[PDB]
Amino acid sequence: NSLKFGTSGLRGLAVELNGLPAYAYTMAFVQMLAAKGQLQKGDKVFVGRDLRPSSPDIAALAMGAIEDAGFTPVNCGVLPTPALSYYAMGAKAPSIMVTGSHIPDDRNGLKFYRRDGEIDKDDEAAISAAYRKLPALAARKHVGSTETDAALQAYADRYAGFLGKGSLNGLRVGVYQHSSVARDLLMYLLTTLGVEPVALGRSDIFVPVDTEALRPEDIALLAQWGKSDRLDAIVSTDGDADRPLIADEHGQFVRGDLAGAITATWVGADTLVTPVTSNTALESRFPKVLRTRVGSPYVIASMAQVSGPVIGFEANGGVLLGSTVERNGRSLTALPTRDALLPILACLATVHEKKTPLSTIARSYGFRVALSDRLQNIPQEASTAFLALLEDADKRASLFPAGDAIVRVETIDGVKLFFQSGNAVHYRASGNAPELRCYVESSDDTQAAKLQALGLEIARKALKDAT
């Protein structure tokens, strides 16, 4: 009942997914591929997972369905979503990642990959249609495929071999581990690159990290760790490690779209593709920016139409490298799905090459002061109603303070309100969980904080009133 596609992935409550649904959705997927002639009897399907409590069970159900359908499940254990996809795509095989990514800890999901990339919105519909048509099925777990570290090792080597052993010697970097599937990978990879890494804040409890809505606790932790004069940066990822979480030499967060810009510069990108929620200062630096709806499938579909490299990224910080990049005789092949290691390493490499701290690098882009947050536990019907309210000219004027007039409204993806002052407030329903997003831009830190608070209070009040 909670289980549906949305922005990307099939997601919903862990207690619903952990059972027949995970098995049946996996069956729908593989049978969808086989029907289309793309999967033949005995072909490999790679499965990976994150560190959510339900993830081992859900992976085992997925692997059961793969095998019952007549295909070969390959257990890749615990690893980043981009590691699984990089490896499976290199093997020309589909894959399934078990993760809820950023979503709350009572939820989980499945992220589906074809042999050549993320599933698209047509695929999502064909899976849902196939799922609907399945019989009333004998769900079965597969614990029997021994874990292979091949995918994690290949992924590590992608970066080690591209930058080269010892190429970042001199850096000292904190690794905020929490429950990131890359918590250990980052330690050994950084060490191989000549960085001195320091483990910080490992958690035996799953921590849902949303890089577009950091917990005040994580912000305070990054500041506290990063206030040491001993660290050049703190690096991390979210749960399934498709998004970076990067802080500078003072422990201040570098917003994901700025890490994305730093990465675009580093790889010498010709065209950038990013959603509408990315910082509006991007176009000031980069002359070819294609703006999209929010979500990886939208970014990928625009990247695919583009003929240096094509780079995609979102304000969540995930980077989608669209073209092979060359450097000092070494290649980094295209990986058109969100990655955290690329932006992390691009940021560290920039610091290393320019002998300049990350805060100065970040400031050099002159980004508008942006903030983002979300309200949790907001049903789809309630966020749909609120967003409709904002389409009424009278209602908009009623909800916002009179002194700053709304001069433009866009409904490309949610509702974005542009003000005469230059302020902007953007609301979106999350497609991945019952949450309402509020993103703002303003002219300085004080005004931005006030604007973020106002935007969230306006939504809170209107949501309570409509109830």
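Throughout, we count residues from 1 along the sequence that is shown.
Novice: What is the count, as a class, of unmodelled deposited residues between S307 and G308: none, 1 to 3, 4 to 9, or 10 or more?
Specialist: Per the record, 4 to 9 deposited residues are absent between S307 and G308.
Novice: Per the record, how many residues of the deposited chain fall between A136 and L137 without being modelled: none, 1 to 3, 4 to 9, or 10 or more?
Specialist: The entry leaves 1 to 3 residues without coordinates here.
Novice: When the C-alpha temperature factors are averaged for each of 330-338 and 224-232, which stretch ends up with the higher value in the entry?
Specialist: Here the higher of the two C-alpha B-factor means belongs to 224-232.
Novice: Would you determine, from the values in the PDB entry, which of 455-463 and 17-25 has the greater average C-alpha temperature factor?
Specialist: Higher mean C-alpha B-factor in the PDB entry: 17-25.
Novice: Between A241, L193, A382, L258, which one tops the list for C-alpha B-factor in the PDB entry?
Specialist: The C-alpha B-factor peaks, among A241, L193, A382, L258, at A382.
Novice: Which one, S323, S284, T146, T99, has the peak C-alpha temperature factor per the PDB entry?
Specialist: Comparing C-alpha B-factors across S323, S284, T146, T99, the maximum falls on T146.
Novice: For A424, does the deposited CA B-factor place it in the lowest, middle or highest third of the chain?
Specialist: Lowest third, going by the recorded CA B-factors of the chain.
Novice: Tell me, lowest, middle or highest third: where does the Cα B factor of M63 rank within its chain?
Specialist: Highest third of the chain for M63's C-alpha B-factor.
Novice: In terms of the chain's CA B-factor thirds, is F162 lowest, middle or highest?
Specialist: Ranked within chain, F162 CA B lands in the middle tercile.
Novice: If you rank every modelled residue in this chain by C-alpha B factor, which third holds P73: lowest, middle or highest?
Specialist: Answer is highest: the recorded C-alpha B-factor places it there.
Novice: Ranking the modelled residues of this chain by C-alpha B-factor as given in the entry, is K395 in the lowest, middle or highest third?
Specialist: Ranked within chain, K395 CA B lands in the highest tercile.
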